[PDB]
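Colleague: Residue numbers (the deposited numbering), protein chains in the order written: chain H, 84 to 321; chain Y, 254 to 263, 274 to 330; chain V, 1 to 383; chain S, 272 to 330; chain X, 100 to 151.
All C-beta atoms in this analysis are idealised placements derived from N, C-alpha and C, irrespective of residue type, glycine included.
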Amino acid sequence: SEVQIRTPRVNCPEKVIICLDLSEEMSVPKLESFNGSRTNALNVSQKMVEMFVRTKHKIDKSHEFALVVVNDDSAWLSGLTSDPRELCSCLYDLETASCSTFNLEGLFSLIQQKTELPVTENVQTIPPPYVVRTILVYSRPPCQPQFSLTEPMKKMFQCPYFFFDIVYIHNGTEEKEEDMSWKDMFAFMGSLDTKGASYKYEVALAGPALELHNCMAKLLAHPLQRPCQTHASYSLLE
Amino acid sequence: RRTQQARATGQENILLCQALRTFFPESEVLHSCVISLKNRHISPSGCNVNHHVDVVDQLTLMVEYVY
Amino acid sequence: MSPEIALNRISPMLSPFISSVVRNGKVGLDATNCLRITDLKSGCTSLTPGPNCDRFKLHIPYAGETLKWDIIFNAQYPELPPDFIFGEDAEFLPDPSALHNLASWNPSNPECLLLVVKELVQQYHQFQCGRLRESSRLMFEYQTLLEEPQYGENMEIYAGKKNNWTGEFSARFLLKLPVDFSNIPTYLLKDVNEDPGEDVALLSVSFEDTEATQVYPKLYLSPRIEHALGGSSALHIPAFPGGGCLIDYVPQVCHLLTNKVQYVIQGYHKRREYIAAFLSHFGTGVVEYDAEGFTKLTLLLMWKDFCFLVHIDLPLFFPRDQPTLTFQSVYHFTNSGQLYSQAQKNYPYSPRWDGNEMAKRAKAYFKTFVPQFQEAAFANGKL
Amino acid sequence: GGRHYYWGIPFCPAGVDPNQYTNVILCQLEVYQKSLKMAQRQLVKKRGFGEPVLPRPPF
Amino acid sequence: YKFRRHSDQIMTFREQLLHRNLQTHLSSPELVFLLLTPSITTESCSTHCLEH
Numbered sequence: 084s085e086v087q088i089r090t091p092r093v094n095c096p097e098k099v100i101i102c103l104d105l106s107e108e109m110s111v112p113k114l115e116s117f118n119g120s121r122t123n124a125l126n127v128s129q130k131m132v133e134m135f136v137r138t139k140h141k142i143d144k145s146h147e148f149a150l151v152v153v154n155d156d157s158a159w160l161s162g163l164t165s166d167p168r169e170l171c172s173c174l175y176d177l178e179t180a181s182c183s184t185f186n187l188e189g190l191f192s193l194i195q196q197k198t199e200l201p202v203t204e205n206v207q208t209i210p211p212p213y214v215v216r217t218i219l220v221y222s223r224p225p226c227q228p229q230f231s232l233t234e235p236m237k238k239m240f241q242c243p244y245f246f247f248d249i250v251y252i253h254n255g256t257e258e259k260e261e262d263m264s265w266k267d268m269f270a271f272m273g274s275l276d277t278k279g280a281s282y283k284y285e286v287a288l289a290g291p292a293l294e295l296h297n298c299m300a301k302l303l304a305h306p307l308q309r310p311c312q313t314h315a316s317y318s319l320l321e
Numbered sequence: 254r255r256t257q258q259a260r261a262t263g274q275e276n277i278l279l280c281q282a283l284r285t286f287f288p289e290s291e292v293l294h295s296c297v298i299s300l301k302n303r304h305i306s307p308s309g310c311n312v313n314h315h316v317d318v319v320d321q322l323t324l325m326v327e328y329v330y
Numbered sequence: 001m002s003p004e005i006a007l008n009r010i011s012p013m014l015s016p017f018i019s020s021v022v023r024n025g026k027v028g029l030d031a032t033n034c035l036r037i038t039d040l041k042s043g044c045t046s047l048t049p050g051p052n053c054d055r056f057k058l059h060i061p062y063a064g065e066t067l068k069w070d071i072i073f074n075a076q077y078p079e080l081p082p083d084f085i086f087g088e089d090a091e092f093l094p095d096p097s098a099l100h101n102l103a104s105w106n107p108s109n110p111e112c113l114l115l116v117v118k119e120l121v122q123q124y125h126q127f128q129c130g131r132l133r134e135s136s137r138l139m140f141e142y143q144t145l146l147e148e149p150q151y152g153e154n155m156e157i158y159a160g161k162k163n164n165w166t167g168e169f170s171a172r173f174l175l176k177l178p179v180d181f182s183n184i185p186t187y188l189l190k191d192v193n194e195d196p197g198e199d200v201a202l203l204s205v206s207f208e209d210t211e212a213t214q215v216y217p218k219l220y221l222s223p224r225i226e227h228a229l230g231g232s233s234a235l236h237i238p239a240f241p242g243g244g245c246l247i248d249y250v251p252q253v254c255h256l257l258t259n260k261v262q263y264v265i266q267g268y269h270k271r272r273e274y275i276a277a278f279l280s281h282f283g284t285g286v287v288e289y290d291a292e293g294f295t296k297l298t299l300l301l302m303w304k305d306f307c308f309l310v311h312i313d314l315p316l317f318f319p320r321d322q323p324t325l326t327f328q329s330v331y332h333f334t335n336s337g338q339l340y341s342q343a344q345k346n347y348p349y350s351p352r353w354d355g356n357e358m359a360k361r362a363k364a365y366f367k368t369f370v371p372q373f374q375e376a377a378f379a380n381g382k383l
Numbered sequence: 272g273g274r275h276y277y278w279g280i281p282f283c284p285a286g287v288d289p290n291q292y293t294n295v296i297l298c299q300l301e302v303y304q305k306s307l308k309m310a311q312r313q314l315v316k317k318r319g320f321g322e323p324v325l326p327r328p329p330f
Numbered sequence: 100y101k102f103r104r105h106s107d108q109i110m111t112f113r114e115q116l117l118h119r120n121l122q123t124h125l126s127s128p129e130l131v132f133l134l135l136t137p138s139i140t141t142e143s144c145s146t147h148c149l150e151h
C-alpha cells in the first residue's frame with residue numbers, strides 16, 4: 084500500500100545525536116527575533132538545542148544525548164550522556180569559520196563508530212531496547228552529487244530503529260535564483276528518508292527566529308510514537 | 254527414484280483488522296489502516312472481511328466503585 | 001548451555017519439537033521457571049556431518065524441585081517417537097494407557113513432544129499422590145482439595161523419601177490460582193529478547209512435619225505481577241494460623257489477590273481510556289506518552305503561531321485525584337536554568353467523566369489559559 | 272499515494288467523529304497489549320520469576 | 100538386546116513395558132535384556148568406551 088509503517092508505537096529510550104553546521108554563513112545576524120530585532124543563527128541554535136535537551140530530559144529521564152559539529156569533517160564534543168549539563172558545557176563555546184566544505188561520509192562513519200544499531204527477533208511487535216536518531220542543522224550547499232553512498236551507510240539507513248532528521252537553512256525561497264539547485268539539494272536529502280520515514284524542515288535566513296524554535300519543537304516527538312510528517316498538525320485550537 | 258521425485262516437484276495486521284471489524288461493525292468502512300499522504304482522509308483496505316480470528320478479549324474494564 | 005547454542009547442533013528434522021518445548025518454557029507450574037536442556041550427545045556414527053545431535057537431557061521444573069529426564073530420538077528416523085529415562089527416580093510408574101499423545105505420536109505436529117511430556121508429568125503427579133497415600137494425614141487435605149476441579153487439575157505435589165532415623169517425610173503443594181491476570185499491562189525488559197512468560201500466580205506450601213504443624217508458605221508471582229503491584233518485596237501474605245484447612249486458606253488469598261489486582265487494573269484501564277481519548281483528539285501533534293502504563297503524556301500545541309507544551313501526569317488514584325497538567329514554554333528559561341513552566345491541579349474536573357468529556361474540557365482550559373501562561377512566561381522568564 | 276500503519280493510524284482522521292474514534296484507538300492499544308504477550312512467549316530466553324511474597328515477619 | 104548410543108545404564112520406559120510384553124507373549128519369565136551403551140571418553144574422539 085505505497086508507504087508502510089511497521090514499527091510499534093512505544094516510548095523507548097532515545098540516543099539523540101545533534102549535529103551543528105559551523106559555517107561563516109551561520110554568523111549572519113539576519114534572523115529576526117520576536118523580542119527587539121536581529122539575532123545570530125548560532126545563538127538561536129544554542130537556545131533551541133538547550134531548550135530541546137532540557138525538555139527531553141524531564142520526559143522519562145532515560146534519554147541519552149550527544150553533540151557533534153560539522154566543518155571540513157564531523158567532530159564529537161560530548162555524547163551518549165543522560166546528564167544534559169555536559170552538553171551545555173561544550174555548547175557555549177563555538178566558532179563558525181568556514182575553511183572547507185562538509186563531508187557526509189565522515190559524519191556517517193563517526194556516528195557508526197560511536198554507537199551500534201540494535202536488532203530484535205520481531206521488529207513489528209517487540210519494542211527495541213532503544214532507538215537511535217540524529218538531528219542535522221545545516222545551511223551550506225552539499226555541492227549536489229557526492230556519489231550514492233555505500234552499502235554500510237544504506238544498511239545504517241535500512242535499520243527501522245535508526246532515524247535521520249534534518250533542518251536546512253537556504254535562500255531558495257528568498258532569492259528564487261538557482262531555486263532549481265536549492266530544491267534539488269533539499270530533494271537529495273529527501274531521497275534518503277524513503278527508508279521508512281523521517282522529518283525534514285526548510286527555513287529562510289529572514290526567519291524570524293520563531294520559525295526555528297517552532298521547528299525544533301516538532302522534532303521533540305518520539306520517532307516510534309510520532310505520526311508521519313505530512314499528518315502532523317499542532318493548531319488544535321482552530 | 255529420489256531423483257525422479259525431486260524433479261517431479263512433489274501481510275496485514277490480521278488480528279488488529281479482525282478485532283476492529285468484530286468490534287461494533289456499525290462503523291461500516293471505519294475498519295482501515297491506510298491514509299492519503301496528503302490529506303487526513305481514509306483510503307480503502309484489502310485485508311478483506313473473511314477470517315475466523317481467536318482470543319477476542321476485553322476492551323475496557325466496565326466496573327465502578329467508591330471508598 | 002543456552003538454548004540458542006543447543007539448537008545449532010540438533011538434526012534439522014528434529015528442531016521443531018525441542019523449539020516448541022523450549023518456547024513453552026515450562027511443562028507444569030514450574031514455580032522457579034528455570035527450565036534448561038543440559039546434556040546433548042550425537043546418538044549416531046561420529047562421522048555424520050553438520051547438525052546431528054538427537055539425544056539430550058531435559059531439566060523439568062516441578063512443584064519446588066527439578067526433574068532430570070533423559071530423552072532419546074534417532075536422527076535418521078525422525079518420524080519415530082522418543083524414549084525416556086527418569087534419572088534416579090526408579091519407583092516412577094508411568095501408566096502407558098493415559099499417554100494418548102504418545103500412542104498417537106505424530107511428527108507432523110511440532111507440539112507433540114510437549115503434549116507427551118505434559119501427560120508424563122500429569123502421571124508423575126499421580127505417582128507422587130500414590131506415595132502420599134501412605135501418609136493419610138495429608139490425604140485428609142488432598143481429597144477435599146481435589147473436590148475443587150479449578151484447583152485439583154491446576155495442582156502439583158511432591159514428597160521426599162523417609163529419613164533413615166525418625167522416618168520423617170518432607171512435602172510440597174503447588175497451586176495455580178484461577179484469577180484473571182490477562183489484563184495486566186506490559187513493561188520493557190533490559191534484554192527485550194527476554195519473555196516475562198505466562199501471567200500466573202503460584203502458591204507453594206512446604207512442611208517440616210508429616211502433620212499439620214510448622215508450615216512454610218510462599219507465593220511466587222509472574223514478573224508482570226511484580227511490576228503491577230510495585231515489587232514482591234513490598235507485599236506480605238497471611239501465614240497459616242494453625243490446624244489443617246488449606247481448603248479454607250486458599251479462598252482467602254484468591255479473594256484478597258483478586259481485590260488487589262482489580263484495584264490496580266481499574267485505574268490502569270481508566271488511564272488508558274484517558275490517553276486513548278487524548279490521542280484520538282490531539283494525536284496530530286503528540287510528542288510522547290507512556291505506552292507501558294499510561295501515567296504520562298506530552299503534547300505540542302500552537303496558539304496564534306506560538307508553540308507550547310503540555311505534560312499530563314496521572315496519579316495512582318486517576319479516577320479519583322485530578323491529573324496534573326504542566327504548561328511549558330519553548331523560548332523562556334527561569335533563573336535556575338530550567339524552562340519556565342507552571343502546573344495546574346485545581347481546575348474544572350469531575351471523576352465521573354469519560355475520556356472525550358475530559359479531552360474537550362482540556363481543550364477549553366487550553367484556549368482559556370494559554371494567553372495567561374504566555375503573559376506570565378514573558379513577565380517571569382528570560383528569552 | 273497512500274501511507275499504511277501496521278497498528279492503525281494514531282489520530283482521528285478527516286471526516287470522523289473523534290468522540291467515537293476514542294474507542295477505536297482504545298482497541299488499537301488493547302490489540303497491541305494482547306499481541307505483544309503472544310509475540311514475547313515465542314522468544315527462547317525466559318525472564319526469571321523474581322522473588323516470592325513472604326508472610327509478615329513478626330518480632 | 101539393544102544399543103543406545105550415549106545413554107545411562109538403566110532400561111528405559113519403553114524397554115520395561117516391551118520386555119514384560121515379550122515375557123508374556125513368549126511365556127519365558129527367565130528372559131534377559133542386554134543393554135549396550137557405546138560412548139566417547141574425550142572431545143578428541145581418541146578414546147571410546149562400550150559399557151554393557
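In three-state terms, what does DSSP make of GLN338 of chain V?
Modeller: Walking along the third sequence from the start, residue 338 of chain V turns up at place 338. It is coil, neither helix nor strand.
Colleague: What does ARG274 of chain S touch in chain Y if you count any residue whose Cβ is under 9 Å from its own?
Modeller: Here residue 274 of chain S refers to the residue found at position 3 of the fourth sequence. Result: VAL297, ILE298, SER299, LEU300, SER306.
Colleague: Ends of the alpha helix (DSSP H) at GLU119 of chain V?
Modeller: Counting from one through the third sequence, the residue named residue 119 of chain V turns up at place 119. Note, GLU119 of chain V: alpha helix (DSSP H), 112-132.
Colleague: Starting from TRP265 of chain H, trace the beta strand (DSSP E) in both directions and tell me its first and last residue.
Modeller: Locating residue 265 of chain H in the first sequence gives position 182, counting from the first residue. Note, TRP265 of chain H: premise wrong, no beta strand (DSSP E); alpha helix (DSSP H) at 262-272.
Colleague: If contacts are defined as beta-carbon pairs under 8 Å, then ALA304 of chain H and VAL205 of chain V qualify, I think. What distance do you get, rounded to the angstrom?
Modeller: Translated into the one-based positions of the first sequence, residue 304 of chain H becomes position 221. Translated into the one-based positions of the third sequence, residue 205 of chain V becomes position 205. With a Cβ gap of about 52 Å, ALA304 of chain H and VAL205 of chain V do not count as contacting.
Colleague: For a contact meaning CB atoms closer than 7 Å, what does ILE218 of chain H contact in chain V?
Modeller: In the first sequence, residue 218 of chain H corresponds to position 135, counting from 1. Chain V residues near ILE218 of chain H: none, gap ~15 Å exceeds 7 Å.
Colleague: Looking only at C-alpha atoms, which of V:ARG137, V:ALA63, V:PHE308 sits nearest to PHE169 of chain V?
Modeller: Locating residue 169 of chain V in the third sequence gives position 169, where the first residue counts as 1. The option with the nearest alpha carbon to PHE169 of chain V is V:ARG137.
Colleague: Cβ of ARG303 of chain Y within 7 Å of Cβ of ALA285 of chain S?
Modeller: Translated into positions along the second sequence, residue 303 of chain Y becomes position 40. Translated into positions along the fourth sequence, residue 285 of chain S becomes position 14. Yes, the Cβ-Cβ distance between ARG303 of chain Y and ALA285 of chain S is below 7 Å.
Colleague: Is it the case that the Cβ atoms of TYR340 of chain V and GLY285 of chain V are separated by a distance below 7 Å?
Modeller: Here residue 340 of chain V refers to the residue found at position 340 of the third sequence. Here residue 285 of chain V refers to the residue found at position 285 of the third sequence. Against a cut-off of 7 Å, the Cβ pair of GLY285 of chain V and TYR340 of chain V comes out as no contact.
Colleague: Which full runs of the alpha helix (DSSP H) of 4+ residues lie inside the region 185-236 of chain H, going along the chain?
Modeller: As far as the region 185-236 of chain H is concerned, its whole alpha helix (DSSP H) runs of at least 4 residues are 187-197.
Colleague: Is it buried or exposed for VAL22 of chain V, if we count other Cβ within 10 angstroms and need 16 for buried?
Modeller: Here the question's residue 22 of chain V lines up with position 22 in the third sequence. So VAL22 of chain V counts as buried.
Colleague: May I ask you to list the residues that DSSP assigns as paired with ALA159 of chain V?
Modeller: Translated into the one-based positions of the third sequence, residue 159 of chain V becomes position 159. According to DSSP, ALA159 of chain V bridges with V:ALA171.
Colleague: Taking CB distances under 7 Å as the criterion, tell me whether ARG260 of chain Y reaches chain H.
Modeller: Stepping through the second sequence from its first residue, residue 260 of chain Y is reached at position 7. It does not: the Cβ of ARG260 of chain Y has no partner Cβ on chain H nearer than 7 Å.
Colleague: Could you work out which residue in H:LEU114, H:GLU97, H:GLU133 is closest to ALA124 of chain H when comparing CA atoms only?
Modeller: Counting from one through the first sequence, the residue named residue 124 of chain H turns up at place 41. For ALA124 of chain H, the nearest C-alpha among the options comes from H:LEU114.
Colleague: Could you pull the start and end residues of the alpha helix (DSSP H) that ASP248 of chain H belongs to?
Modeller: Taking the first residue of the first sequence as position 1, residue 248 of chain H is located at position 165. Run containing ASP248 of chain H: none in the alpha helix (DSSP H); it sits in the beta strand (DSSP E), 245-253.
Colleague: Using a beta-carbon distance below 7 Å, is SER84 of chain H in contact with chain Y?
Modeller: Taking the first sequence and counting its residues from 1, one reaches residue 84 of chain H at position 1. Chain Y contact via Cβ: present.
Colleague: Can you tell me which of the three DSSP states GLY231 of chain V falls into?
Modeller: Start at 1 with the first residue of the third sequence, and residue 231 of chain V comes out as number 231. Coil, per DSSP.
Colleague: Which value, in whole angstroms, describes the spacing of the CA atoms of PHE173 of chain V and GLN126 of chain V?
Modeller: Indexing the third sequence from 1 puts residue 173 of chain V at position 173. Indexing the third sequence from 1 puts residue 126 of chain V at position 126. Going by the C-alpha atoms only, they are around 13 Å apart.
Colleague: For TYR220 of chain V, which residues in chain S fall below 9 Å Cβ to Cβ?
Modeller: Taking the third sequence and counting its residues from 1, the one referred to as residue 220 of chain V is at position 220. Under the 9 Å cutoff, chain S gives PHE320, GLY321, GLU322, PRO323, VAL324.
Colleague: Output the boundary residues of the alpha helix (DSSP H) element that contains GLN143 of chain V.
Modeller: Sequence index remark: in the third sequence, residue 143 of chain V carries index 143 (1-based). From DSSP, the alpha helix (DSSP H) with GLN143 of chain V extends over 139-146.
Colleague: Nearest to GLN214 of chain V by CA position, among V:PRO241, V:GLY230, V:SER232, is which residue?
Modeller: If you number the third sequence from 1, residue 214 of chain V lands on position 214. Residue V:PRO241 is the option with its Cα nearest to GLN214 of chain V.
Colleague: Please compile the residues from chain V whose C-beta is within a distance smaller than 9 Å of the C-beta of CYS148 of chain X.
Modeller: Mapped onto the fifth sequence, residue 148 of chain X falls at position 49. Neighbours of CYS148 of chain X on chain V: none; closest Cβ ~13 Å, over 9 Å.
Colleague: Going by the DSSP bridge assignment, what does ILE72 of chain V pair with across the sheet?
Modeller: Here residue 72 of chain V refers to the residue found at position 72 when the third sequence is read from its first residue. The partner list for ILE72 of chain V (beta bridge, DSSP) reads V:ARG55, V:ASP83.
Colleague: Output yes or no for whether 7 Å exceeds the beta carbon distance between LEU29 of chain V and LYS176 of chain V.
Modeller: For the purposes of this step, residue 29 of chain V is taken as residue 29 along the third sequence, with counting starting at 1. For the purposes of this step, residue 176 of chain V is taken as residue 176 along the third sequence, with counting starting at 1. Yes, they are a contact pair.
Colleague: Let me confirm a value: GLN150 of chain V is counted as buried when at least 16 other C-beta atoms fall within 10 Å, else exposed. Which label applies?
Modeller: Within the third sequence, residue 150 of chain V is the residue found at index 150, counting from 1. Exposed is the call here.
Colleague: Going along chain X, which residues have a C-beta under 7 Å from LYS41 of chain V?
Modeller: For the purposes of this step, residue 41 of chain V is taken as the residue at position 41 of the third sequence. Neighbours of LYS41 of chain V on chain X, chain order: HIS105.
Colleague: Just mark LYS237 of chain H as buried or exposed, buried being the case when its beta carbon has 16 or more other beta carbons within 10 Å.
Modeller: By one-based count along the first sequence, residue 237 of chain H stands at place 154. Exposed, since its Cβ has fewer than 16 Cβ neighbours within 10 Å.
Colleague: With 16 as the cutoff for other CB atoms within 10 Å, does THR146 of chain X come out buried or exposed?
Modeller: Position 47 of the fifth sequence, counted from the start, is the residue given in the question as residue 146 of chain X. That one is exposed.
Colleague: Starting from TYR277 of chain S, find everything on chain V with Cβ-Cβ shorter than 8 Å and list it in chain order.
Modeller: Counted from its first residue, the fourth sequence places residue 277 of chain S at position 6. Those do not exist, as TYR277 of chain S stays about 15 Å from chain V at its closest Cβ, beyond 8 Å.
Colleague: Would you please state the rounded distance, in angstroms, between the beta carbons of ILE157 of chain V and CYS129 of chain V? I believe it to be under 8 Å.
Modeller: Sequence index remark: in the third sequence, residue 157 of chain V carries index 157 (1-based). Sequence index remark: in the third sequence, residue 129 of chain V carries index 129 (1-based). Right, their Cβ atoms sit about 6 Å apart.
Colleague: Helix, strand or coil for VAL319 of chain Y, going by three-state DSSP, please let me know.
Modeller: On the second sequence, position 56 is the one that residue 319 of chain Y refers to. Looking at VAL319 of chain Y - three-state DSSP - the assignment turns out to be coil, as it is neither helix nor strand.
Colleague: Scan the region 243-267 of chain V for residues whose Cβ lies nearer than 8 Å to a Cβ of chain Y and list them as they occur along the chain.
Modeller: For the region 243-267 of chain V, which is checked against every Cβ of chain Y, the residues closer than 8 Å are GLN262, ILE265, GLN266.
Colleague: Tell me the DSSP secondary structure of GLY355 of chain V in three-state form.
Modeller: Start at 1 with the first residue of the third sequence, and residue 355 of chain V comes out as number 355. Three-state result, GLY355 of chain V: helix.
Colleague: Hey, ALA359 of chain V and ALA277 of chain V: beta-carbon distance below 7 Å or not?
Modeller: By one-based count along the third sequence, residue 359 of chain V stands at place 359. By one-based count along the third sequence, residue 277 of chain V stands at place 277. It is a contact, given that the beta carbons lie within the stated cut-off.
Colleague: Quick one: what does DSSP say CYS298 of chain H is sitting in, helix, strand or coil?
Modeller: Locating residue 298 of chain H in the first sequence gives position 215, counting from the first residue. Residue state, collapsed to three classes: helix.
Colleague: Note the first and the last residue of the continuous beta strand (DSSP E) segment covering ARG36 of chain V.
Modeller: As a working mapping, residue 36 of chain V is identified with position 36 in the third sequence. Run containing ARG36 of chain V: 36-41, per the beta strand (DSSP E) assignment.
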